[PDB]
Amino acid sequence: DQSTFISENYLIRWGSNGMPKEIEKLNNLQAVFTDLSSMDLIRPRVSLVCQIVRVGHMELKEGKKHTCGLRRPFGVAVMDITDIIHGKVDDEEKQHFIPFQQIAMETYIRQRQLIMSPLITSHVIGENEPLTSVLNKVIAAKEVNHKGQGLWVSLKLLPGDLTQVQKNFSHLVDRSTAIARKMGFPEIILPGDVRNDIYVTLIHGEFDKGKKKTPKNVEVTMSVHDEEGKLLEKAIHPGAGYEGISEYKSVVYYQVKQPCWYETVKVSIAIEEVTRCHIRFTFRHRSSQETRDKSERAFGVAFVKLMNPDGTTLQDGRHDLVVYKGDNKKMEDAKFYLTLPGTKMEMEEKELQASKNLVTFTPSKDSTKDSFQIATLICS
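Per the deposited record, determination of this structure is attributed to cryo-EM, with the resolution reported as 4.52 Å.

Written out as structure tokens, the structure is:
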């Protein structure tokens, strides 16, 4: 109904051999989504959502090496969990199954029967679709043509906050269970609910191809930097139950002109350290060839100042980060690009300021049409 995340995305690393990448987790893949206010119950439709992201090569072709460490959209599995959080279905034994929808690669089956009138000019789109579209589909498509694919989960709503979760259901929810905080605030704000759960939802970003015909496989390797641009470690977390990563590499899309990620991920900086830190967003064209990938530099980099110049932290809602083309060494230096603005509102302010004072103020031609969008909801 709301089409926004209630809690942070609990990340599960799943391996390529049928077992989880974290082999110790398959028996302990427990995540409890907390801060669920009483209004979190009354939501007319609540759906449990798993974002399936294949990490690895760009293309499944044998014969030549391909780039590793690249994330591509695979699918999303959604089931109506509205009743369970409404206190209607609550039982340990019920391992509710969430049918899984993969992006439609169906371009091989019916291709063998088309005769006597071939006039068609088209191509293959089975990997370009962002995971948001599959999410919306499975939200609409209660039943999924999952063909025996999905995630098996036992779902229980537990009364109370973390404490009541732990003191009556320590068996179900031990301390090793992953904890996810609601994207927002609970109805009871304990005085001193000290948090710095800054969340950067990598909404989308458009990136110009230039002379190259193939659309750019842009990977938003968002990074958190302070005023001198040093990489803040542990700042960005992909979500719940996962160790924060200094640079959150986004989903590398299969030649998509306007890739959309909407990757609601955690950024937990010290509340005093965020006062001197920002988040820089580096974009690299991840071509299908590994040598070309490692030889392709960051064609554009965006950033965002977590501190507003008015002594306030980054505002809630959405802000359109500006991708900057030009000298890479100039864009890798904070004392240059931080002085440059990061969002559309910021360069608009700078341009209007420079308009009244025409003293060595030529508008930077580097303000390219390439942009990046983030959704900010600082729960602090």
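Now that the structure has been shown, the text picks up again.
A. Structural context of the overall build of the protein. In terms of helices and strands, the protein carries eight helices and 15 strands. Taken against the 2.2 N^0.38 rule, which gives 21 Å for 380 residues, the C-alpha radius of gyration of the protein at 23 Å falls within 12% of a compact globule. With the C-alpha coordinates aligned to their principal axes, the bounding extent of the protein is approximately 75 × 70 × 35 Å. Taken across its 380 residues, the protein has 42% of its residues classed as buried. Put simply, of all contacts in the protein between residues at least 6 apart along the chain, 74% involve residues at least 24 apart. About 22200 Å² of surface is accessible on the protein, with carbon and sulfur atoms providing 55% of the total.

B. Molecular detail of the side chain of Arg-71. Tracing the backbone through its elements, the reader meets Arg-71 in strand β3 (residues 70-80). At a separation of 3.4 Å, a polar atom in the side chain of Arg-71 contacts the side chain of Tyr-248. A polar contact is formed between the side chain of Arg-71 and the side chain of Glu-263, at a distance of 2.5 Å. Contacts of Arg-71, omitting those with residues within four sequence positions, involve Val-53, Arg-54, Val-55, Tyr-248, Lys-249, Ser-250, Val-251, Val-252, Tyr-253 and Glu-263.

C. Inspection of the pattern of salt bridges at higher detail. Applying the stated criterion across every chain, the model contains 25 salt bridges. One salt bridge connects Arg-72 with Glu-127, and the closest N-O pair in it is separated by 2.4 Å. In this pair, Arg-72 is assigned in strand β3 and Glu-127 in the loop between β4 (95-102) and α3 (131-140), connecting sequence segments 55 residues apart. Across this residue pair, the class does not change: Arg-72 and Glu-127 are buried. A salt bridge links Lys-369 to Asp-208, with the nearest nitrogen and oxygen atoms 3.5 Å apart. Taken together, the residues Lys-369 in the loop between α8 (344-356) and β15 (371-376) and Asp-208 in the loop between β7 (197-206) and β8 (218-226) connect sequence positions 161 residues apart. On the basis of relative accessibility, which here comes to 51%, the residue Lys-369 falls in the exposed class.

D. A look at the pairing of β8. Along β8, nine of the nine residues are buried, which leaves the element largely enclosed by surrounding structure. Along β8, one buried face is formed by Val-218, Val-220, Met-222, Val-224 and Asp-226 and the opposite face, lined by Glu-219, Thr-221, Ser-223 and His-225, is buried too. In the sheet, β8 pairs with strand β12 (residues 277-285) via nine bridges, with the strands oriented antiparallel. Across the sheet, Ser-223 pairs through a bridge with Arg-280, a residue of β12. Judged from the two bridges that link them, β8 and strand β10 (residues 247-248) form a sheet pairing that is antiparallel. Following the sheet pairing, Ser-223 is matched in β10 by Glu-247.

Definitions and limits used
Residues numbered from 1 in each chain as written, not as in the entry; some residues may be left out. Part of a larger assembly, values for the part shown. Heavy atoms only, no water. Helix = DSSP H or I, 4+ residues; strand = E, 2+ residues; numbered from the N terminus. Rg over C-alpha atoms; globule rule 2.2 N^0.38 Å. Buried < 20%, exposed > 50% of the residue type's maximum accessible area, 1.4 Å probe, protein only. Contact = heavy atoms within 4.5 Å. Areas by Shrake-Rupley, 256 points an atom, 1.4 Å probe, with all protein chains shown as cover. Polar contact = N/O pair within 3.5 Å; in protein donor to acceptor, adjacent residues only side chain to side chain. Salt bridge = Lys/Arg side-chain N within 4 Å of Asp/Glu carboxyl O. Pairing = 2+ DSSP bridges.

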